[PDB]
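Novice: Residue numbers (our numbering), protein chains in the order written: chain A, 643 to 840; chain B, 139 to 335; chain C, 5 to 124; chain D, 5 to 124. Sharing a structure here in structure tokens format.
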Ligand SMILES: [Cl-]
Ligand SMILES: [Cl-]
């Protein structure tokens with residue numbers, strides 16, 4: 643089950659009523675406007691999270707109460723939301739640098755982390771673009787292809803040091819091999835250098 | 139050379155003192171309190187600049203006029219320091235020193251002298267961080283170079299192969315490699331070259 | 005909502021110590037972990053230490069044994085006791101609270117930071 | 005003193021173009037050079053392009069050909085025309101005035117900056 647949000651200067655009240663009916667929550671109330679475009683479809687947790695994020699920005703907060711009830715109370719520029727799945731790396735490993743990113747961004751941008759290991763981004767398209775660039779880059783970097791290269795003569799831990807000292811490479815003392823990891827270009831290079839020290 | 143040690147000194151006093159020292163007649167419209175300690179001795183230019191910086195901080199400008207008249211119109215301690223720079227142009231540091239002051243808040247100033255020293259005025263904590271960075275870059279641009287000739291392998295080849303994973307340049311004339319680093323780095327790079335040879 | 009207010013920064017000599025504090029307020033009940041991280045200009049913000057709502061502590065390799073993270077739930081504050089400080093430690097230290105939201109996701113709130121400077 | 009105001013940043017697709025503007029005010033007579041530098045989070049701030057008061061220009065290797073710095077003294081403004089933009093150029097761009105002091109040294113004054121984002 644997936645939800646969408648496309649609002650453009652929609653009266654805050656109307657937004658809250660719309661979201662409550664979608665979520666099967668009673669809403670008790672507050673003034674303002676709201677704009678937001680969902681770049682990806684959101685599940686119910688993410689939709690509800692968006693709702694909280696837009697309310698927080700306008701200066702409001704939610705109080706969940708008896709029997710599925712939510713009381714609203716006082717607390718490039720396009721406002722967008724996006725959910726970025728992360729495939730190779732734990733999402734909280736990105737947290738410190740995503741926080742750094744937002745301290746340059748300015749206000750009204752929010753990164754949310756899901757225990758299913760996806761990050762949700764709410765804010766200005768430019769800020770969201772930057773945050774996506776970084777998530778994806780770190781994600782892709784954690785999925786480098788690995789390759790074992792056996793050594794006939796040299797000691798694996800020496801070659802591990804010597805090249806790790808002047809630069810990933812790891813030794814296997816048991817089988818006396820080196821495990822190099824990177825892209826076709828960088829492994830080609832390392833394969834050759836290792837071969838010459840044999 | 140000159141020296142400054144003022145602790146909650148009235149601005150008028152401060153101005154008069156620096157004036158006499160520089161042989162300058164001063165005019166004033168000017169309330170304020172001044173505090174500064176000179177970590178190093180200053181020459182006339184640097185001292186004058188310190189005076190100009192402290193006034194600016196307090197909200198005042200100097201207007202230099204007819205026959206040498208001027209018109210005015212622990213980690214927190216205000217200090218000034220001059221840092222000589224020996225192996226690199228002072229202006230090559232400007233971008234990262236601007237980055238540094240942007241994280242430090244207001245009241246701190248980096249001045250550059252045509253004789254290639256940097257002068258720092260501000261809080262001791264900030265001034266320590268600015269000193270650290272300058273000295274680190276200045277020491278880096280001083281890496282001693284070594285030529286390493288090769289009996290068997292090719293000069294170009296070794297340079298290309300090593301430079302792909304990392305300064306290393308060849309000279310086919312003499313079949314030699316130039317390695318630009320420090321005793322830690324060069325010793326390790328040498329053995330790698332010998333082994334390839 | 006959670007608000008964080010750090011303190012304890014300053015200039016110190018290599019080998020010295022400082023004690024950072026951080027007072028949290030707002031939805032304390034939502035806080036499920038609190039951490040210190042640092043940032044020096046031109047480098048990445050990096051995790052230094054963490055104390056979860058269970059009291060479980062976590063420390064970066066560079067700081068383990070020299071820094072201690074600790075808690076005072078009466079005063080709603082966490083502390084970072086920094087001993088044997090090195091120039092490497094020079095950075096702006098931020099206090100951060102990873103809160104649980106009503107939706108079931110998490111969210112970070114953090115303060116303006118406190119500068120630590122270590123001379124030789 | 006000299007005061008600086010940037011503008012012209014925004015979001016643009018790779019291959020697109022932007023024009024940054026920076027209006028200087030205050031002691032224009034002291035300005036002996038104006039430059040644009042940029043800074044991405046986690047990296048050194050680095051110099052992009054420079055225009056001296058004589059009108060000489062300097063360009064970093066990475067931007068030469070693609071970026072043109074220019075000047076309109078009637079409006080006391082310097083521009084950065086950014087053509088053929090790559091993701092690599094995503095940064096906050098600062099306009100910085102290098103001035104001469106009465107003492108004969110130099111001093112930088114710079115602005116809050118304008119953010120540039122380039123998507124793939
Ligand atoms: Cl806690
Ligand atoms: Cl100009």
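A virtual CB, placed ideally from N, CA and C, is assigned to each residue, including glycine.
With a threshold of 8 Å on Cβ separation, who are the neighbours of residue 729 (chain A) within its own chain once the five nearest residues in sequence on each side are excluded?
Specialist: Working through the first chain from its first residue, we reach residue 729 (chain A) at position 87. 781 and 785.
Novice: Confirm, please, whether the CB-CB distance from residue 821 (chain A) to residue 830 (chain A) is below 8 Å.
Specialist: For the purposes of this step, residue 830 (chain A) is taken as residue 188 along the first chain, with counting starting at 1. For the purposes of this step, residue 821 (chain A) is taken as residue 179 along the first chain, with counting starting at 1. Cβ atoms of residue 830 (chain A) and residue 821 (chain A): not closer than 8 Å.
Novice: Which runs of the beta strand (DSSP E), 3 residues or longer, sit entirely within the region 269-304 of chain B?
Specialist: Whole beta strand (DSSP E) segments, 3+ residues: 283-287.
Novice: Any residue with its Cβ nearer than 6 Å to a heavy atom of ligand 1 should be included. What is that list in chain order?
Specialist: That gives C:35, C:38, C:55, C:57 and C:75.
Novice: Quick check on residue 768 (chain A) - is its C-beta less than 8 Å from some C-beta in chain D?
Specialist: For the purposes of this step, residue 768 (chain A) is taken as residue 126 along the first chain, with counting starting at 1. Yes, residue 768 (chain A) counts as interfacial toward chain D.
Novice: Mind checking which residues open and close the alpha helix (DSSP H) that includes residue 154 (chain B)?
Specialist: Mapped onto the second chain, residue 154 (chain B) falls at position 16. Taken as a continuous stretch (DSSP letters only), the alpha helix (DSSP H) holding residue 154 (chain B) covers 149-160.
Novice: DSSP three-state call for residue 70 (chain D): helix, strand or coil?
Specialist: Position 66 of the fourth chain, counting from 1, holds the residue named residue 70 (chain D). Residue 70 (chain D) falls in the coil class under three-state DSSP.
Novice: Would you verify that the beta carbon of residue 96 (chain D) is, or is not, closer than 8 Å to some beta carbon of chain A?
Specialist: Here residue 96 (chain D) refers to the residue found at position 92 of the fourth chain. Taking Cβ atoms only, chain A reaches closer than 8 Å to residue 96 (chain D), which makes this a yes.
Novice: Do we get a CB-CB distance below 8 Å when we pair residue 46 (chain D) with the residues of chain C?
Specialist: Indexing the fourth chain from 1 puts residue 46 (chain D) at position 42. It does; some Cβ of chain C falls within 8 Å.
Novice: Hey, could you find the ends of the alpha helix (DSSP H) residue 691 (chain A) is sitting in?
Specialist: Numbered from 1 along the first chain, position 49 holds the residue referred to as residue 691 (chain A). From DSSP, the alpha helix (DSSP H) with residue 691 (chain A) extends over 686-699.
Novice: Quick check on residue 39 (chain C): buried or exposed, where buried means 16 or more other Cβ atoms within 10 Å of its Cβ?
Specialist: Here residue 39 (chain C) refers to the residue found at position 35 when the third chain is read from its first residue. Residue 39 (chain C) should be labelled buried.
Novice: Does the distance between the C-beta of residue 52 (chain D) and the nearest non-hydrogen atom of ligand 2 fall short of 7 Å?
Specialist: Taking the first residue of the fourth chain as 1, we reach residue 52 (chain D) at position 48. Checking the Cβ of residue 52 (chain D) against ligand 2 gives no.
Novice: Using the beta-carbon of each residue, which ones in chain B are nearer than 8 Å to residue 822 (chain A)?
Specialist: Stepping through the first chain from its first residue, residue 822 (chain A) is reached at position 180. Neighbours of residue 822 (chain A) on chain B: none; closest Cβ ~11 Å, over 8 Å.
Novice: Reducing DSSP to helix, strand and coil, say where residue 325 (chain B) ends up.
Specialist: Locating residue 325 (chain B) in the second chain gives position 187, counting from the first residue. Note: residue 325 (chain B) maps to helix in three-state DSSP.
Novice: Following a CB-centred definition, is residue 82 (chain D) positioned closer than 7 Å to any heavy atom of ligand 2?
Specialist: By 1-based counting over the fourth chain, the position of residue 82 (chain D) is 78. True, at least one ligand heavy atom lies under 7 Å from that Cβ.
Novice: Just to make sure I have the definition right: I need the residues of chain A whose C-beta is within less than 8 Å of the C-beta of residue 302 (chain B). Which are they?
Specialist: To locate residue 302 (chain B), count along the second chain from 1; it is residue 164. 831, listed in chain order.
Novice: Run down chain B in chain order and give the residues with a C-beta less than 7 Å from the C-beta of residue 121 (chain C).
Specialist: What you label residue 121 (chain C) is simply residue 117 of the third chain in a count that begins at 1. By Cβ distance, chain B contributes 213, 263, 266 and 267.
Novice: Is residue 295 (chain B) close to chain C? Criterion is C-beta to C-beta, closer than 8 Å.
Specialist: Here residue 295 (chain B) corresponds to residue number 157 of the second chain, with the count starting at 1. With 8 Å as the cut-off, residue 295 (chain B) does not count as an interface residue toward chain C.
Novice: Are residue 680 (chain A) and residue 652 (chain A) close, meaning C-beta to C-beta below 8 Å?
Specialist: The residue labelled residue 680 (chain A) in the question sits at position 38 within the first chain. The residue labelled residue 652 (chain A) in the question sits at position 10 within the first chain. No.
Novice: Starting from residue 712 (chain A) and walking both ways along the beta strand (DSSP E), at which residues does that stretch end?
Specialist: Start at 1 with the first residue of the first chain, and residue 712 (chain A) comes out as number 70. Taken as a continuous stretch (DSSP letters only), the beta strand (DSSP E) holding residue 712 (chain A) covers 711-716.
Novice: Note down, in chain order, each residue of its chain lying with its Cβ closer than 6 Å to the Cβ of residue 239 (chain B), except the 5 sequence neighbours on either side.
Specialist: Walking along the second chain from the start, residue 239 (chain B) turns up at place 101. These residues qualify, in order along the chain: 246.
Novice: At the 8 Å Cβ level, is residue 236 (chain B) part of the contact set with chain D, yes or no?
Specialist: Here residue 236 (chain B) refers to the residue found at position 98 when the second chain is read from its first residue. It does: the Cβ of residue 236 (chain B) has a partner Cβ on chain D nearer than 8 Å.
Novice: Along chain C, which residues have their Cβ under 7 Å away from the Cβ of residue 241 (chain B)?
Specialist: Start at 1 with the first residue of the second chain, and residue 241 (chain B) comes out as number 103. The contacting residues are 45 and 96.
Novice: Nearest to residue 101 (chain D) by CA position, among D:18, D:19, D:30 and D:24, is which residue?
Specialist: Here the question's residue 101 (chain D) lines up with position 97 in the fourth chain. Among D:18, D:19, D:30 and D:24, the Cα nearest to that of residue 101 (chain D) belongs to D:30.
Novice: Which stretch, first to last residue, makes up the beta strand (DSSP E) that contains residue 306 (chain B)?
Specialist: Here residue 306 (chain B) corresponds to residue number 168 of the second chain, with the count starting at 1. Unbroken beta strand (DSSP E) run through residue 306 (chain B): 306-309.
Novice: Is there a C-beta anywhere in chain B that falls below 8 Å from the one on residue 58 (chain D)?
Specialist: If you number the fourth chain from 1, residue 58 (chain D) lands on position 54. Closer than 8 Å: no.
Novice: Cα-Cα, which of C:105, C:112 and C:93 is closest to residue 118 (chain C)?
Specialist: To locate residue 118 (chain C), count along the third chain from 1; it is residue 114. Here the closest residue by C-alpha is C:93.
Novice: Short of 6 Å in beta carbon distance, which residues of its chain neighbour residue 667 (chain A), apart from the five on each side in sequence? Order them along the chain.
Specialist: Translated into positions along the first chain, residue 667 (chain A) becomes position 25. Closer than 6 Å at the Cβ level, and outside the excluded window around residue 667 (chain A), lie 710 and 712.
Novice: List, in chain order, every chain B residue whose beta-carbon is nearer than 7 Å to that of residue 15 (chain C).
Specialist: Locating residue 15 (chain C) in the third chain gives position 11, where the first residue counts as 1. 212, 213, 262, 263 and 266, listed in chain order.
Novice: Roughly how many angstroms lie between the CA atoms of residue 72 (chain C) and residue 103 (chain D), to the nearest whole one?
Specialist: Looking up residue 72 (chain C) in the third chain gives position 68. Looking up residue 103 (chain D) in the fourth chain gives position 99. Distance between the alpha carbons of residue 72 (chain C) and residue 103 (chain D) is about 47 Å.
Novice: Residue 187 (chain B): buried (16+ other C-beta within 10 angstroms of its C-beta) or exposed?
Specialist: What you label residue 187 (chain B) is simply residue 49 of the second chain in a count that begins at 1. Its Cβ being crowded by 16 or more others within 10 Å, residue 187 (chain B) is buried.
Novice: Strictly below 7 Å CB to CB, what residues from chain B border residue 106 (chain D)?
Specialist: Counting from one through the fourth chain, the residue named residue 106 (chain D) turns up at place 102. Those within 7 Å of residue 106 (chain D) in chain B are 190, 200 and 202.
Novice: Residue 40 (chain C) bridges to which residues according to DSSP?
Specialist: Residue numbering aside, residue 40 (chain C) sits at position 36 when the third chain is read from its first letter. BP columns for residue 40 (chain C) point to C:53 and C:99.
Novice: Looking at C-alpha atoms only, which residue of B:152, B:319 and B:327 is the closest neighbour of residue 169 (chain B)?
Specialist: Taking the second chain and counting its residues from 1, one reaches residue 169 (chain B) at position 31. When only C-alpha atoms are compared, the closest one is B:152.
Novice: If distances are taken between C-alpha atoms only, which option among A:727, A:817 and A:649 comes closest to residue 761 (chain A)?
Specialist: Walking along the first chain from the start, residue 761 (chain A) turns up at place 119. The shortest C-alpha separation from residue 761 (chain A) is found at A:727.
Novice: Please tell me whether residue 769 (chain A) and residue 747 (chain A) are closer than 8 Å, where the distance is taken between their beta carbons.
Specialist: In the first chain, residue 769 (chain A) corresponds to position 127, counting from 1. In the first chain, residue 747 (chain A) corresponds to position 105, counting from 1. Yes, the pair counts as a contact, with Cβ atoms nearer than the cut-off.
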